[PDB]
Structures are given as C-alpha cells and as structure tokens.
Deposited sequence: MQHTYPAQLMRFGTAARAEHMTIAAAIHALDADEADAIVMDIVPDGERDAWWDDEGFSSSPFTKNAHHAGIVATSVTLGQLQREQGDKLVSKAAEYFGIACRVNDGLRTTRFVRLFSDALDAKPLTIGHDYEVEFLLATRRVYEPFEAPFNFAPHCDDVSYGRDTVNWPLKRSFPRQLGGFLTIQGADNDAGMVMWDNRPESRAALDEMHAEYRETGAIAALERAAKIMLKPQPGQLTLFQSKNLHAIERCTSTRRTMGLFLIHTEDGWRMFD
C-alpha cells in the first residue's frame, strides 16, 4: 500500500496534465509511452538533506564507461564493476534506491551468464557554478560494447535535492538519436557551428524540477541540463524493463 504524490505529466506538444499517483503508476505511464516525462513532489521540505546524507551512500558512471574504447574500455569496465561491488550494498539501503525497488520490485542490472555481477545502482551528483541521450546499448566502441539491446522506454530518474538560484532546469527534444555515432555527429555539428539544425523545428518540453521533486523521463530523447548560477545537488539512476523485470543502473 503505497505512497501517493502530486505529479505533472508532460508530453510533446500536448498540455501538461496534473495528476496524483504512486511511483509505480508514473513509471508504468512512462513505460506504456503515455508520457515523455513526469515530475512528482516526493520529499517534504524539511526532509531533503536527510535523503542526501543517507548512510547507505558510502565515481564511474555507465555513460562515462560508454565513451571508452579498446584496452581503455576493458580497464574502465574493471573499475566500474569493481566499484559497484564495493558500494551497491549500501546503495540498496538508501531511501532513493528503495523508491524504485519498493515500487517495481526493481533489482540492480546484472551482467554475466555464469556469475551475475551488478552494475552501479545510483550516484549523487553535485553541479558547481551539450545535448545527450542515454541508452544502455550506446557504447562508442560498437564491436566491443557488450550490451546490444536498446530499450525504447529506457528511463532516467533523478531527485533534486538543492536547486540553483537561476532555477536551472532541463530541456528535452522530440528527437531520438539512433546510436552513439549519431550522437557524436550532432556533437560535431554543435562544436563546428554552435547549432543542431534538426533541433530547430523539433517539438520540446521544458522541465524545472524543484528540490524534493523526482523527475522521471524517457532518456532516449535528447535532453540538456540548463547552466546553473549556483550549487545544484541531485541523486539519479536509470531504469530498463527487462525480460526478468525492472533493473536499475547508473
């Protein structure tokens, strides 16, 4: 019997809906492709810092691991999976991770047929004063990347703990790059002209997550974090709905 929370449901070029729902129901709305992003008021104002100082929080992300090639990919994978082995036991315990493992019966993503080892669960991110999309299969080194299945409804979930003075949010475009190369090419176009031609007439959503707000979104859509004037602290992970169930990783 699960908590229920105010939620704003966003979809490209349609009016933002206001609803009130469980974490489970928001994630299922996303997974059914009935929303592009959903912003929920999760943590009451006097309780935010405790989610950050959660004892279970005591690095290398999948997105960083993905940018690596050749021997460097093998080495950085050793580091990524070695850290995950060290930290996930505590991470499982945090309030943040438990939102998802309670609501979905989610478990850490695992790799290996013969022994199953965990991806990293989640990270706390601090921002101090270019578009990407996240897809578990988008390693730069195609031939060596071992995750080949793309999940169309891959989700990002981040809880904002401390907002910036400028109330710097997140932009998402109705544009879903087909691979890492495709994203590298747009980067190239941005760092050669400053624009991405295709983003011009592309439908878009503006999000302004506040502290205590959990933002859930389809991460395959191109998106960017606005520049902050001030300290921004978030906690984040990603979700894919695999054949064995919901799996978390970051």
| item | value |
| --- | --- |
| Parts of the chain sequence, as deposited, that carry no C-alpha coordinates in this structure | 59 to 74, 146 to 152 |
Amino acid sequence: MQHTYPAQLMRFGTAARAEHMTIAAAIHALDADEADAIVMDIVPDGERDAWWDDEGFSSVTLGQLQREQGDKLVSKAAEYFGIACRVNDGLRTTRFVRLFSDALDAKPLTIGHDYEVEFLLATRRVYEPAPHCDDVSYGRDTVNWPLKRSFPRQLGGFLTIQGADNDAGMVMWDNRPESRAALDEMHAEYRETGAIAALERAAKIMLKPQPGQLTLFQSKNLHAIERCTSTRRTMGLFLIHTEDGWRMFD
From here on, numbers count along this sequence of modelled residues.
{"query": "Segment of higher mean CA temperature factor, 195 to 203 or 44 to 52", "finding": "195 to 203"}
{"query": "33 to 41 versus 178 to 186 - which carries the larger mean C-alpha B factor in the record", "finding": "178 to 186"}
{"query": "Of the residues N144, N166, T94, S101, the one carrying the largest Cα B-factor as recorded", "finding": "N166"}
{"query": "Residue with highest C-alpha B-factor in the PDB entry, from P129, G156, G82, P152", "finding": "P129"}
{"query": "Position of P108 among the chain's modelled residues by C-alpha B-factor, lowest, middle or highest third", "finding": "lowest"}
{"query": "Third of chain Cα B-factors occupied by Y115", "finding": "highest"}
{"query": "Ranked against its chain, the third holding the CA B-factor of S58", "finding": "highest"}
{"query": "Record-listed C-alpha B factor of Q162: chain third", "finding": "highest"}
{"query": "Assigned third (lowest, middle, highest) for the C-alpha B factor of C228", "finding": "highest"}
